[PDB]
Amino acid sequence: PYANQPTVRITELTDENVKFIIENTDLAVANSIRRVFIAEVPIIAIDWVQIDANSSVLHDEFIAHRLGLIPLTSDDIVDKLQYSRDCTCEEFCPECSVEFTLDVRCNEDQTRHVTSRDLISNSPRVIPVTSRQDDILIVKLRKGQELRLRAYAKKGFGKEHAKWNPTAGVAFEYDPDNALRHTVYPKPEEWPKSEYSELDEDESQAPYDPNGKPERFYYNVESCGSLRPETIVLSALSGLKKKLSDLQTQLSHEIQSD
Amino acid sequence: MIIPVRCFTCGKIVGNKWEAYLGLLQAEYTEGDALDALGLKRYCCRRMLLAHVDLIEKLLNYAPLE
Amino acid sequence: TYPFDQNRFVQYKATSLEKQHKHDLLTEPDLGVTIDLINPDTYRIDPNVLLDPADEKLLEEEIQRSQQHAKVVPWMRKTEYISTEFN
Amino acid sequence: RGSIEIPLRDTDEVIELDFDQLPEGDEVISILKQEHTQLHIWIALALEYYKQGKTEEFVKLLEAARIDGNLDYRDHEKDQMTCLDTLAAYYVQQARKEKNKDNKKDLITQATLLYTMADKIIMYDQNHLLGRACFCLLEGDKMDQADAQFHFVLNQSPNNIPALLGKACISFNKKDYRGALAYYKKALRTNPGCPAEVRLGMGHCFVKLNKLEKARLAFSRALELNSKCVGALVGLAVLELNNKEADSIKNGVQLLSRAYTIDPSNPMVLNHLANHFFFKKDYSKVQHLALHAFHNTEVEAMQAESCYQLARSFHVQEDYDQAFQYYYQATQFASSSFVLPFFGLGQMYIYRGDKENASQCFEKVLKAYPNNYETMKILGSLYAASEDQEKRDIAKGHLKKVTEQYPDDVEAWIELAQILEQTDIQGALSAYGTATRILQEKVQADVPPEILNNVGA
Ligand SMILES: [Zn+2]
Ligand SMILES: [Zn+2]
């Protein structure tokens, strides 16, 4: 009547992605973990942009939008900072935000590329990923054009806006050989073998396993660089566990208060 | 107009690859080997660089001053 | 019963099996290299140090694939960007 | 080089001794002791005699050097310990290449006696741990102890490459080629002086894990540095002798006749020449080389193969009595080497009606991998009669292997129907139906009455 005992194996771990397999577990748990990787791991992203002078060929909302999508190296500080919505201070403060400045003017003939290398943080640990390869282009400037702005980054979920999504792409796969026949190929031989297919090159798909359950889940969590790829997973497990703990607290209060 | 910062479909930063892409094409990498060498695997990331039209280079032909 | 022939000889060309056998190189228990530190009377590394490319490739363990993006295909082409000067 | 100046009692270095002659090593000890030369000249001439290619004089002249350690040399014990290190290291090196008049223990007791006296002056030095580490390889046990003694040379003073190569042979003995290959990389960048072609052991580990592109590149360079080494040539033979299908003249001449003419006392090349000639139907030389390929080897890997070759040569001659004992020695020496000796004893136990043990010895053939030939072995020597699913199940599973492939199946369907007459009667009928026509394509031969009888039954 109780939980299953999940187990893990990391098959590959780079500074870009983790591949790992979760065994036992349940399809719903594995997919909700996938979702939390996508949508409810927090990262730091630019979410406030006060443009003082812009004369680039891109209008301010376009500049601001691009700054939003620049990933920031919030591998640690995201677990420290409050959500600004929750911080008790009238403006941004270093306990709920990281200030950024961009101050660039193209005083030369060669077309100046404004890049994430020009976003100067007020915190040496929350810097755009490409600062710690090439830098993300924010604008190309002609002679005499300028862009001066300051921005604040803040913690947010990928659920709020995609700027805060930490993953490049979560590969997620289970039952690589279709032993469960949860997918039903009209012609099982036209389909290439999965990366994790255990079958030989003779047979097309595993024999139907009637009592089977989906019980190994193959992940590839690729980071956009805002967190280390193993930190995405640990943070998603922490986040989902915390969501459930909060739900349980509210439940216990609703039960005892009836 | 300019290169999108993230691949719309997945999320991979492609906004730091355009000048690299073009430099690899100038090394006369074939057009898919440039993408294989930048590290774009998913066709969703590859269509960010293949399809991108870099119009900002034309917009910068117009002078505000000088 | 059918009087099946007793397999008392090799009619089968089982030499298909004997020639495939990879006999291990066990000429010396030290893997054909004498373990000692007194015999090295001479030394290669004298300032004209020797470095053959055939020896340079054996320094790596495994470094050495497909190129199927490049394939020539008459229903497919290439692409075109924004220059500054054109027609 | 060619001569050394001699410290004399009077008028030192006015006179010299040269090493182009082969003088007697008995008088050397006297002259070194009347002239009262220093201990350094002793090792100097030891090295010069080692340059001549003389392992015996090098170890015998240095034996009397222990008595004259510090007579009047004014505290020259360091050169004494450096002298005795050679008598504590070259004994184990020469115990492996024993002759026909001496045994292994005769050099082990001498490598164990003087090593304790070597550690009296200086203990735990750059080479003293090498002696303790290689002592375990000579008895065939305590591999972790030898590895732990080899690791200590990195923490004291690792001023040479073979100071670390000792761990790779111990990683090799535990079937760890990754850990040995990672240790053999440092052997090629430095490349110190060693006549044994240190690159040869690195080409040995490129054999495994599908690195044929690397092992050839190692053996070729070892052949170009010195063609005298057979271990770089016979290895190419063991690469090539599989290709008995084209250019076989290269395998017989370039890789078997050359290694033999340059070094005929090798049982590996003798075994390979033997099996090369077996296919050539030259049995008069196979057993002579296999007899010479048997008495000189020590590790059971080569002698079990030599007895397998001898029993194979006697089997084809309708001589199973001597081949039974050679097959038994081939499996008693090295059983987990290959499937061949188990198959040889399986085909042998058929003789004298002792086909009971042919089934037990054939059982270990399937454990490695099945064969289209081994399936018919136990199918023919099938003791399954009736209501006996311990042996009929194996007959069925062997028949399912002969049924798919077509190695000129003639009696396979007979053995099919011979089991299926207890099971569904239609399977036996289908088997006799196909067996009836399969007996007509080779010749115009009528169907024997026994099959038409069993089918009518
Ligand atoms: Zn705050
Ligand atoms: Zn993408």
# chains A, B, ... in the order shown; residues from 1 in each chain; ligands from 1
call {"tool": "residues_around", "arguments": {"residues": "residue 47 (chain B)", "least_positions_apart": "4", "cutoff": "12 Å", "atoms": "only C-alpha atoms", "output": "list in words"}}
result
residues 3, 4, 6, 7, 8, 9, 10, 14, 31, 32, 35, 40, 41, 42, 43, 51, 52 and 53 of chain B; 79 of chain C
call {"tool": "write_last_selection", "arguments": {"atoms": "N, CA, C and O atoms", "output": "PDB file, in the first residue's frame"}}
result
ATOM      1  N   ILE B   3      19.328  36.851 -35.034  1.00  0.00           N
ATOM      2  CA  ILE B   3      19.224  35.430 -34.678  1.00  0.00           C
ATOM      3  C   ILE B   3      18.434  35.280 -33.382  1.00  0.00           C
ATOM      4  O   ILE B   3      18.695  36.016 -32.417  1.00  0.00           O
ATOM      5  N   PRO B   4      17.472  34.360 -33.304  1.00  0.00           N
ATOM      6  CA  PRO B   4      16.752  34.162 -32.046  1.00  0.00           C
ATOM      7  C   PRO B   4      17.690  33.685 -30.952  1.00  0.00           C
ATOM      8  O   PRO B   4      18.607  32.906 -31.198  1.00  0.00           O
ATOM      9  N   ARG B   6      17.017  31.776 -28.301  1.00  0.00           N
ATOM     10  CA  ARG B   6      16.782  30.369 -28.027  1.00  0.00           C
ATOM     11  C   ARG B   6      16.006  29.720 -29.156  1.00  0.00           C
ATOM     12  O   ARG B   6      15.104  30.327 -29.732  1.00  0.00           O
ATOM     13  N   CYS B   7      16.358  28.481 -29.459  1.00  0.00           N
ATOM     14  CA  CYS B   7      15.553  27.676 -30.358  1.00  0.00           C
ATOM     15  C   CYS B   7      14.130  27.594 -29.848  1.00  0.00           C
ATOM     16  O   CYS B   7      13.885  27.075 -28.760  1.00  0.00           O
ATOM     17  N   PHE B   8      13.186  28.090 -30.644  1.00  0.00           N
ATOM     18  CA  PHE B   8      11.818  28.230 -30.167  1.00  0.00           C
ATOM     19  C   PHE B   8      11.296  26.918 -29.621  1.00  0.00           C
ATOM     20  O   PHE B   8      10.650  26.881 -28.569  1.00  0.00           O
ATOM     21  N   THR B   9      11.578  25.825 -30.323  1.00  0.00           N
ATOM     22  CA  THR B   9      10.966  24.544 -30.001  1.00  0.00           C
ATOM     23  C   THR B   9      11.470  23.979 -28.685  1.00  0.00           C
ATOM     24  O   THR B   9      10.673  23.636 -27.807  1.00  0.00           O
ATOM     25  N   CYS B  10      12.783  23.885 -28.515  1.00  0.00           N
ATOM     26  CA  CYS B  10      13.336  23.199 -27.357  1.00  0.00           C
ATOM     27  C   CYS B  10      13.848  24.179 -26.311  1.00  0.00           C
ATOM     28  O   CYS B  10      13.386  24.155 -25.169  1.00  0.00           O
ATOM     29  N   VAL B  14      20.756  29.356 -29.310  1.00  0.00           N
ATOM     30  CA  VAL B  14      21.295  29.446 -30.659  1.00  0.00           C
ATOM     31  C   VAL B  14      21.738  30.852 -30.994  1.00  0.00           C
ATOM     32  O   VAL B  14      22.189  31.095 -32.117  1.00  0.00           O
ATOM     33  N   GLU B  31      26.880  22.662 -45.269  1.00  0.00           N
ATOM     34  CA  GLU B  31      25.911  23.417 -44.488  1.00  0.00           C
ATOM     35  C   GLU B  31      25.388  22.636 -43.296  1.00  0.00           C
ATOM     36  O   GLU B  31      25.046  23.229 -42.271  1.00  0.00           O
ATOM     37  N   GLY B  32      25.312  21.316 -43.405  1.00  0.00           N
ATOM     38  CA  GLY B  32      24.953  20.501 -42.266  1.00  0.00           C
ATOM     39  C   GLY B  32      26.122  20.119 -41.390  1.00  0.00           C
ATOM     40  O   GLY B  32      25.936  19.788 -40.217  1.00  0.00           O
ATOM     41  N   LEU B  35      26.423  22.655 -38.781  1.00  0.00           N
ATOM     42  CA  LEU B  35      25.505  22.494 -37.667  1.00  0.00           C
ATOM     43  C   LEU B  35      25.956  21.349 -36.783  1.00  0.00           C
ATOM     44  O   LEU B  35      25.862  21.424 -35.557  1.00  0.00           O
ATOM     45  N   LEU B  40      24.366  21.291 -32.883  1.00  0.00           N
ATOM     46  CA  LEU B  40      22.920  21.271 -33.017  1.00  0.00           C
ATOM     47  C   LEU B  40      22.538  19.895 -33.535  1.00  0.00           C
ATOM     48  O   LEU B  40      22.803  19.564 -34.693  1.00  0.00           O
ATOM     49  N   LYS B  41      21.903  19.098 -32.684  1.00  0.00           N
ATOM     50  CA  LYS B  41      21.503  17.751 -33.052  1.00  0.00           C
ATOM     51  C   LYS B  41      20.064  17.718 -33.530  1.00  0.00           C
ATOM     52  O   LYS B  41      19.780  17.211 -34.617  1.00  0.00           O
ATOM     53  N   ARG B  42      19.148  18.250 -32.733  1.00  0.00           N
ATOM     54  CA  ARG B  42      17.741  18.155 -33.063  1.00  0.00           C
ATOM     55  C   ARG B  42      17.448  19.015 -34.277  1.00  0.00           C
ATOM     56  O   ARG B  42      17.949  20.134 -34.397  1.00  0.00           O
ATOM     57  N   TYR B  43      16.622  18.499 -35.178  1.00  0.00           N
ATOM     58  CA  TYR B  43      16.249  19.291 -36.335  1.00  0.00           C
ATOM     59  C   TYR B  43      15.540  20.572 -35.932  1.00  0.00           C
ATOM     60  O   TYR B  43      15.554  21.544 -36.694  1.00  0.00           O
ATOM     61  N   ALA B  51      17.274  28.264 -41.315  1.00  0.00           N
ATOM     62  CA  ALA B  51      16.197  29.129 -41.751  1.00  0.00           C
ATOM     63  C   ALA B  51      16.452  30.597 -41.471  1.00  0.00           C
ATOM     64  O   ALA B  51      15.847  31.446 -42.129  1.00  0.00           O
ATOM     65  N   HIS B  52      17.325  30.924 -40.529  1.00  0.00           N
ATOM     66  CA  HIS B  52      17.466  32.313 -40.125  1.00  0.00           C
ATOM     67  C   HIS B  52      17.959  33.185 -41.263  1.00  0.00           C
ATOM     68  O   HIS B  52      18.952  32.878 -41.924  1.00  0.00           O
ATOM     69  N   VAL B  53      17.238  34.278 -41.482  1.00  0.00           N
ATOM     70  CA  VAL B  53      17.600  35.345 -42.403  1.00  0.00           C
ATOM     71  C   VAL B  53      18.059  36.535 -41.570  1.00  0.00           C
ATOM     72  O   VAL B  53      17.285  37.079 -40.777  1.00  0.00           O
TER      73      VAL B  53
ATOM     74  N   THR C  79      21.933  27.457 -49.175  1.00  0.00           N
ATOM     75  CA  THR C  79      21.222  28.600 -48.627  1.00  0.00           C
ATOM     76  C   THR C  79      21.989  29.874 -48.960  1.00  0.00           C
ATOM     77  O   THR C  79      23.077  29.841 -49.543  1.00  0.00           O
TER      78      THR C  79
END
call {"tool": "residues_around", "arguments": {"residues": "region 15-23 of chain B", "least_positions_apart": "6", "cutoff": "10 Å", "atoms": "only C-alpha atoms", "output": "ChimeraX atom specification"}}
result
/A:66,69-70,115-116,130,133-138 /B:2-7,29,31,33-35,37-40,48-50,52,54 /C:81
call {"tool": "closest_residue", "arguments": {"among": "A:95, A:202, A:177, A:222", "to": "residue 152 (chain A)", "atoms": "only C-alpha atoms"}}
result
A:95
call {"tool": "closest_atom_pairs", "arguments": {"of": "chain A", "to": "ligand 1", "cutoff": "10 Å", "atoms": "only C-alpha atoms and all ligand atoms", "output": "Markdown table"}}
result
| residue | atom | partner | partner_atom_place_in_ligand_line | distance |
| --- | --- | --- | --- | --- |
| A:81 | CA | ligand 1 | 1 (Zn) | 8.5 |
| A:82 | CA | ligand 1 | 1 (Zn) | 7.3 |
| A:83 | CA | ligand 1 | 1 (Zn) | 8.3 |
| A:84 | CA | ligand 1 | 1 (Zn) | 6.0 |
| A:85 | CA | ligand 1 | 1 (Zn) | 8.8 |
| A:86 | CA | ligand 1 | 1 (Zn) | 8.1 |
| A:87 | CA | ligand 1 | 1 (Zn) | 4.6 |
| A:88 | CA | ligand 1 | 1 (Zn) | 5.9 |
| A:89 | CA | ligand 1 | 1 (Zn) | 4.9 |
| A:90 | CA | ligand 1 | 1 (Zn) | 7.5 |
| A:91 | CA | ligand 1 | 1 (Zn) | 6.7 |
| A:92 | CA | ligand 1 | 1 (Zn) | 5.0 |
| A:93 | CA | ligand 1 | 1 (Zn) | 4.1 |
| A:94 | CA | ligand 1 | 1 (Zn) | 6.3 |
| A:95 | CA | ligand 1 | 1 (Zn) | 5.0 |
| A:96 | CA | ligand 1 | 1 (Zn) | 4.1 |
| A:97 | CA | ligand 1 | 1 (Zn) | 6.6 |
| A:98 | CA | ligand 1 | 1 (Zn) | 9.8 |
| A:154 | CA | ligand 1 | 1 (Zn) | 9.7 |
call {"tool": "closest_atom_pairs", "arguments": {"of": "chain A", "to": "ligand 2", "cutoff": "12 Å", "atoms": "only C-alpha atoms and all ligand atoms", "output": "tab-separated table"}}
result
residue	atom	partner	partner_atom_place_in_ligand_line	distance
A:167	CA	ligand 2	1 (Zn)	10.5
A:168	CA	ligand 2	1 (Zn)	7.0
A:169	CA	ligand 2	1 (Zn)	7.2
A:170	CA	ligand 2	1 (Zn)	10.8
A:171	CA	ligand 2	1 (Zn)	11.9
A:222	CA	ligand 2	1 (Zn)	10.8
A:223	CA	ligand 2	1 (Zn)	11.8
A:224	CA	ligand 2	1 (Zn)	10.5
call {"tool": "write_last_selection", "arguments": {"atoms": "N, CA, C and O atoms", "output": "PDB file, in the first residue's frame"}}
result
ATOM      1  N   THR A 167      16.061  23.750 -19.117  1.00  0.00           N
ATOM      2  CA  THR A 167      16.473  22.664 -19.990  1.00  0.00           C
ATOM      3  C   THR A 167      16.496  23.111 -21.441  1.00  0.00           C
ATOM      4  O   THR A 167      15.672  23.916 -21.876  1.00  0.00           O
ATOM      5  N   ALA A 168      17.443  22.555 -22.193  1.00  0.00           N
ATOM      6  CA  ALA A 168      17.413  22.682 -23.643  1.00  0.00           C
ATOM      7  C   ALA A 168      16.435  21.689 -24.246  1.00  0.00           C
ATOM      8  O   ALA A 168      15.530  22.074 -24.992  1.00  0.00           O
ATOM      9  N   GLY A 169      16.585  20.414 -23.918  1.00  0.00           N
ATOM     10  CA  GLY A 169      15.545  19.452 -24.206  1.00  0.00           C
ATOM     11  C   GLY A 169      15.647  18.223 -23.334  1.00  0.00           C
ATOM     12  O   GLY A 169      16.696  17.579 -23.268  1.00  0.00           O
ATOM     13  N   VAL A 170      14.553  17.886 -22.661  1.00  0.00           N
ATOM     14  CA  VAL A 170      14.491  16.679 -21.850  1.00  0.00           C
ATOM     15  C   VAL A 170      14.116  15.525 -22.767  1.00  0.00           C
ATOM     16  O   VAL A 170      12.964  15.407 -23.185  1.00  0.00           O
ATOM     17  N   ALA A 171      15.082  14.673 -23.086  1.00  0.00           N
ATOM     18  CA  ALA A 171      14.746  13.366 -23.624  1.00  0.00           C
ATOM     19  C   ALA A 171      14.103  12.528 -22.538  1.00  0.00           C
ATOM     20  O   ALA A 171      14.602  12.460 -21.415  1.00  0.00           O
ATOM     21  N   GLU A 222      19.248  17.854 -20.959  1.00  0.00           N
ATOM     22  CA  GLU A 222      20.199  18.818 -21.489  1.00  0.00           C
ATOM     23  C   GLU A 222      19.920  20.189 -20.893  1.00  0.00           C
ATOM     24  O   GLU A 222      18.789  20.677 -20.952  1.00  0.00           O
ATOM     25  N   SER A 223      20.951  20.810 -20.332  1.00  0.00           N
ATOM     26  CA  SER A 223      20.834  22.154 -19.791  1.00  0.00           C
ATOM     27  C   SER A 223      21.011  23.211 -20.867  1.00  0.00           C
ATOM     28  O   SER A 223      21.728  23.012 -21.848  1.00  0.00           O
ATOM     29  N   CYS A 224      20.350  24.350 -20.671  1.00  0.00           N
ATOM     30  CA  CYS A 224      20.701  25.559 -21.402  1.00  0.00           C
ATOM     31  C   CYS A 224      21.904  26.262 -20.800  1.00  0.00           C
ATOM     32  O   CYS A 224      22.315  27.304 -21.312  1.00  0.00           O
TER      33      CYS A 224
END
call {"tool": "closest_atom_pairs", "arguments": {"of": "chain C", "to": "chain D", "cutoff": "6 Å", "atoms": "only C-alpha atoms", "output": "JSON lines"}}
result
{"residue": "C:19", "atom": "CA", "partner": "D:242", "partner_atom": "CA", "distance": 4.9}
{"residue": "C:20", "atom": "CA", "partner": "D:242", "partner_atom": "CA", "distance": 5.4}
{"residue": "C:31", "atom": "CA", "partner": "D:201", "partner_atom": "CA", "distance": 5.2}
{"residue": "C:32", "atom": "CA", "partner": "D:201", "partner_atom": "CA", "distance": 5.7}
{"residue": "C:33", "atom": "CA", "partner": "D:198", "partner_atom": "CA", "distance": 5.5}
{"residue": "C:40", "atom": "CA", "partner": "D:193", "partner_atom": "CA", "distance": 4.5}
{"residue": "C:42", "atom": "CA", "partner": "D:193", "partner_atom": "CA", "distance": 5.0}
{"residue": "C:43", "atom": "CA", "partner": "D:193", "partner_atom": "CA", "distance": 4.7}
{"residue": "C:44", "atom": "CA", "partner": "D:192", "partner_atom": "CA", "distance": 6.0}
{"residue": "C:59", "atom": "CA", "partner": "D:185", "partner_atom": "CA", "distance": 5.6}
call {"tool": "write_last_selection", "arguments": {"atoms": "N, CA and C atoms", "output": "compact mmCIF listing (two decimals), in the first residue's frame"}}
result
# COMPACT_ATOMS: atom_id res chain seq x y z
N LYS C 19 40.85 -22.50 -37.13
CA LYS C 19 41.57 -21.34 -37.66
C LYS C 19 41.06 -20.03 -37.07
N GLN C 20 39.78 -19.97 -36.68
CA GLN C 20 39.24 -18.75 -36.09
C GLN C 20 39.77 -18.49 -34.69
N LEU C 31 54.69 -10.39 -20.33
CA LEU C 31 54.13 -9.82 -21.54
C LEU C 31 55.23 -9.40 -22.51
N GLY C 32 56.26 -10.24 -22.63
CA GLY C 32 57.33 -9.97 -23.57
C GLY C 32 58.14 -8.73 -23.27
N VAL C 33 58.17 -8.28 -22.02
CA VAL C 33 58.97 -7.13 -21.62
C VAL C 33 59.65 -7.46 -20.30
N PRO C 40 68.87 -0.80 -18.60
CA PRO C 40 68.79 0.35 -19.52
C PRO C 40 70.10 1.12 -19.59
N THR C 42 71.65 2.38 -22.40
CA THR C 42 71.49 3.50 -23.31
C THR C 42 70.13 4.17 -23.14
N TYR C 43 69.98 5.33 -23.77
CA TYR C 43 68.74 6.09 -23.70
C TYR C 43 68.49 6.81 -25.02
N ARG C 44 67.27 6.63 -25.53
CA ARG C 44 66.82 7.30 -26.75
C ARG C 44 66.75 8.82 -26.58
N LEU C 59 50.45 6.65 -28.99
CA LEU C 59 50.38 7.23 -27.66
C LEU C 59 48.94 7.34 -27.19
call {"tool": "residues_around", "arguments": {"residues": "residue 288 (chain D)", "least_positions_apart": "2", "cutoff": "12 Å", "atoms": "only C-alpha atoms", "output": "list in words"}}
result
residues 267, 270, 271, 273, 274, 277, 282, 283, 284, 285, 286, 290, 291, 292, 293, 294, 295, 306, 309, 310 and 313 of chain D
call {"tool": "select_by_dssp", "arguments": {"residues": "region 7-53 of chain B", "states": "helix (DSSP H, G or I)", "output": "JSON, numbers by chain"}}
result
{"B": [18, 19, 20, 21, 22, 23, 24, 25, 26, 31, 32, 33, 34, 35, 36, 37, 38, 43, 44, 45, 46, 47, 48, 49, 50, 51]}
call {"tool": "atom_distance", "arguments": {"atom1": "CA of residue 384 (chain D)", "atom2": "CA of residue 429 (chain D)"}}
result
20.3 Å
call {"tool": "select_by_dssp", "arguments": {"residues": "region 22-114 of chain A", "states": "strand (DSSP E or B)", "output": "PyMOL selection string"}}
result
chain A and resi 22-23+42-54+72+98-105+112-114
call {"tool": "write_last_selection", "arguments": {"atoms": "C-alpha atoms", "output": "JSON list (two decimals), in the first residue's frame"}}
result
[["chain", "number", "residue", "atom", "x", "y", "z"],
["A", 22, "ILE", "CA", 15.30, 5.58, -13.15],
["A", 23, "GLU", "CA", 14.13, 2.05, -12.40],
["A", 42, "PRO", "CA", 13.81, 27.76, -10.69],
["A", 43, "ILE", "CA", 16.57, 29.69, -12.42],
["A", 44, "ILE", "CA", 17.62, 33.34, -12.60],
["A", 45, "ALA", "CA", 16.69, 35.21, -15.77],
["A", 46, "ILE", "CA", 16.39, 38.85, -16.75],
["A", 47, "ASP", "CA", 12.87, 39.96, -15.94],
["A", 48, "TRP", "CA", 13.09, 43.74, -15.56],
["A", 49, "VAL", "CA", 14.69, 46.08, -18.09],
["A", 50, "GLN", "CA", 14.86, 49.86, -17.70],
["A", 51, "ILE", "CA", 16.07, 51.13, -21.06],
["A", 52, "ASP", "CA", 17.72, 54.54, -20.72],
["A", 53, "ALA", "CA", 19.00, 55.00, -24.27],
["A", 54, "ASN", "CA", 18.34, 52.70, -27.20],
["A", 72, "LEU", "CA", 22.42, 33.15, -16.29],
["A", 98, "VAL", "CA", 20.72, 40.47, -9.46],
["A", 99, "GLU", "CA", 21.20, 43.83, -11.15],
["A", 100, "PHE", "CA", 22.64, 43.94, -14.65],
["A", 101, "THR", "CA", 23.95, 46.90, -16.61],
["A", 102, "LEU", "CA", 24.50, 47.23, -20.34],
["A", 103, "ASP", "CA", 26.26, 50.38, -21.55],
["A", 104, "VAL", "CA", 27.50, 50.15, -25.15],
["A", 105, "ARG", "CA", 27.92, 52.75, -27.88],
["A", 112, "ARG", "CA", 29.68, 46.66, -32.99],
["A", 113, "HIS", "CA", 28.16, 43.41, -31.74],
["A", 114, "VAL", "CA", 26.50, 43.91, -28.38]]
call {"tool": "closest_atom_pairs", "arguments": {"of": "chain C", "to": "chain B", "cutoff": "7 Å", "atoms": "only C-alpha atoms", "output": "tab-separated table"}}
result
residue	atom	partner	partner_atom	distance
C:69	CA	B:32	CA	5.3
C:70	CA	B:30	CA	6.1
C:78	CA	B:31	CA	7.0
C:81	CA	B:53	CA	6.3
C:82	CA	B:54	CA	6.2
C:84	CA	B:58	CA	6.9
call {"tool": "closest_residue", "arguments": {"among": "A:62, A:174, A:219, A:191", "to": "chain B", "atoms": "only C-alpha atoms"}}
result
A:62
call {"tool": "decode", "arguments": {"residues": "region 107-118 of chain D", "atoms": "N, CA, C and O atoms", "output": "compact mmCIF listing (two decimals), in the first residue's frame"}}
result
# COMPACT_ATOMS: atom_id res chain seq x y z
N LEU D 107 67.55 -20.92 -8.89
CA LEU D 107 67.75 -19.48 -8.95
C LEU D 107 66.81 -18.71 -8.03
O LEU D 107 67.10 -17.57 -7.68
N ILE D 108 65.75 -19.36 -7.53
CA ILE D 108 64.88 -18.69 -6.57
C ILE D 108 65.55 -18.63 -5.20
O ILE D 108 65.48 -17.61 -4.51
N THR D 109 66.19 -19.72 -4.78
CA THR D 109 66.81 -19.70 -3.47
C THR D 109 67.98 -18.73 -3.45
O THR D 109 68.23 -18.07 -2.42
N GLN D 110 68.64 -18.53 -4.59
CA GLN D 110 69.70 -17.54 -4.69
C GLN D 110 69.16 -16.12 -4.86
O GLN D 110 69.87 -15.17 -4.53
N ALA D 111 67.94 -15.96 -5.37
CA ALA D 111 67.36 -14.63 -5.43
C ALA D 111 66.73 -14.24 -4.10
O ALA D 111 66.49 -13.05 -3.86
N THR D 112 66.47 -15.22 -3.23
CA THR D 112 65.91 -14.97 -1.91
C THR D 112 66.97 -14.86 -0.83
O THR D 112 66.74 -14.19 0.18
N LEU D 113 68.13 -15.49 -1.01
CA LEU D 113 69.14 -15.47 0.04
C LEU D 113 69.88 -14.13 0.06
O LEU D 113 70.00 -13.50 1.12
N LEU D 114 70.37 -13.69 -1.09
CA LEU D 114 71.19 -12.48 -1.15
C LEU D 114 70.37 -11.20 -1.12
O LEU D 114 70.93 -10.13 -0.88
N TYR D 115 69.05 -11.29 -1.31
CA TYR D 115 68.21 -10.10 -1.22
C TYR D 115 68.12 -9.59 0.21
O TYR D 115 68.06 -8.38 0.45
N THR D 116 68.10 -10.51 1.18
CA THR D 116 68.08 -10.08 2.58
C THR D 116 69.39 -9.41 2.96
O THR D 116 69.40 -8.44 3.73
N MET D 117 70.51 -9.91 2.43
CA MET D 117 71.80 -9.26 2.67
C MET D 117 71.92 -7.95 1.91
O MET D 117 72.71 -7.09 2.30
N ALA D 118 71.15 -7.78 0.83
CA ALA D 118 71.17 -6.52 0.10
C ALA D 118 70.47 -5.40 0.86
O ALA D 118 70.84 -4.23 0.72
